[PDB]
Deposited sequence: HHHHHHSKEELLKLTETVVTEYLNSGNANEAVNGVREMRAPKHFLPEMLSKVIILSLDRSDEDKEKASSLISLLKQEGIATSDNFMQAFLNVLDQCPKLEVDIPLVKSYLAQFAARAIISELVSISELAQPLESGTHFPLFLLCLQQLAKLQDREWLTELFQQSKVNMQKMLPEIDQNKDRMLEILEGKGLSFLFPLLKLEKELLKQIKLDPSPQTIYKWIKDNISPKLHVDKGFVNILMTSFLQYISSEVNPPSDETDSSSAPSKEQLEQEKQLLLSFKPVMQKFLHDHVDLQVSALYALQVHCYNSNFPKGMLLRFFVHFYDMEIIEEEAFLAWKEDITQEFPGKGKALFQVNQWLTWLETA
C-alpha cells in the first residue's frame, strides 16, 4: 500500500547515499528494502536520472553505474531502463528550462547505457529519428567516441545500420548539410569518403604538388579505405576534374598540357592502383563518368585510355575486365564502349 511519492522519496535517499559512498552493496540493499512494485521500476530509474542531471559529471557517472548495478542484480531490466529513459526524454523541454545543458547530460546517460548494454544505438535512433531532440543523438555519439574510441564507435555505428542522414531534422537532410553538421560536432570521422568527395579537389587546387596530395591522403584516409572502390572513384574523379579545369578536338598544346599533368599525378595514381585490378576497373568507371559529363568530347575517353595504358596506371587486364563488368551504377557505358571497343579488340587480337 505504498504511494508513488513515498517510493520516490525512498529513491531519493538511495541516490543521495550512493553519490556519497559509492556503496554497491548498500545501494542494492536500499532498493531491496524499498520492496517497490514492478510498475514503479521505470519511475524509480527516471528519478535516478533526473536527480543526477544537474549535478557533476562525476555524480552522473555514479548514477549510470547504479542503474547498471540494478540491472546486474535483476532488480530492473534493460526494458525498464528504456521506459525510464524515454520518460525523461519526453520532459527534455521542461528540464532544459532549469538545466540548460540537459541534452549534453542526457547524452552522457545514453552513452553509458549503451556501453553497459542497456540500450543499443539502433534502439536509441528510433525515438530520435528525423531530428527529435536534436542534436541529442549526435551528442550521444560524441560521448561514445570520448568514453571509448572512434574505431569502436565507427564499427558500432556500422553495426547499428542507422542511416545518419535520416537522423537529422528534415530541412537538414542532405549529404552536404550532413557533412557540415557532423564536422561541427566532431563526428566527420564517421563519413570519411563523403568528406573526401567534398574536400579532395579543393585540396589539390590548394597545393597540386604530387608529394603533398599523397601525404594528405595518407593523413586523412585509412589504409583499408585506400583499397576501397569508392575511394578510388573519388580519387580519380578529383584528379580528372583538376586536369580538365586547367586544360580547358583540342589543340596540340592542350593535349600536351593534359599529358604533362597526368605525368605529374601518375606516381600518386600508381601508388593506390598497382596490383589491384578491381580498383583499376573502378578508376575506369570514374573516367567513363567524367567524360560522360562533358558529352564524351571527340576522342577524349580514348586518349585517356591510351595514356592510362602507356603510363602503367591501368594494366591491360583491367581494361578488358571493365568492358565485361555488368554495373549500371555508372552512366554512359554504351557510349563509352562505342569509342574504345576497337582499341580493346586490338589489344586482344593484334
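Residues of the deposited sequence lacking C-alpha coordinates, numbered from 1, fall in the stretches 1 to 4, 253 to 262.
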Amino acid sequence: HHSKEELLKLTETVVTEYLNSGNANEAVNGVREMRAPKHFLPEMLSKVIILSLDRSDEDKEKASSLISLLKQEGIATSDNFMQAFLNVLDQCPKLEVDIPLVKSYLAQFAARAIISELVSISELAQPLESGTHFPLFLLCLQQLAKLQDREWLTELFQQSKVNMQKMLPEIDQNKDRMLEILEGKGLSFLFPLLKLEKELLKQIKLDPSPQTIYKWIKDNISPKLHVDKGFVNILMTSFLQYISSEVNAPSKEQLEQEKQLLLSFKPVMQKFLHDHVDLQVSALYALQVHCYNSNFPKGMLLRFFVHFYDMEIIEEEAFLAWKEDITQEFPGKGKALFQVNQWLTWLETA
From here on, numbers count along this sequence of modelled residues.
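Of the two segments examined, 313 to 321 and 24 to 32, it is 24 to 32 that shows the higher average Cα temperature factor in the deposited entry. When the C-alpha B-factors of 137 to 145 and 92 to 100 are averaged, 92 to 100 comes out higher.
Highest CA B-factor among 253, 129, 123, 172, as stated in the entry: 253. Taking the PDB entry at face value, the top CA B factor among 113, 249, 82, 234 belongs to 249. Ranked within its chain, residue 274 lands in the highest third, by CA B factor from the PDB record. Sort the modelled residues of the chain by CA B factor and residue 304 lands in the lowest third. Among the modelled residues of its chain, residue 292 has a C-alpha B-factor that falls in the middle third, as given in the PDB entry. Ranked against the other modelled residues of its chain, the C-alpha B-factor of residue 282 as given in the entry falls in the lowest third. Annotation for residue 189: CA B-factor lies in the middle third of the chain's modelled residues.
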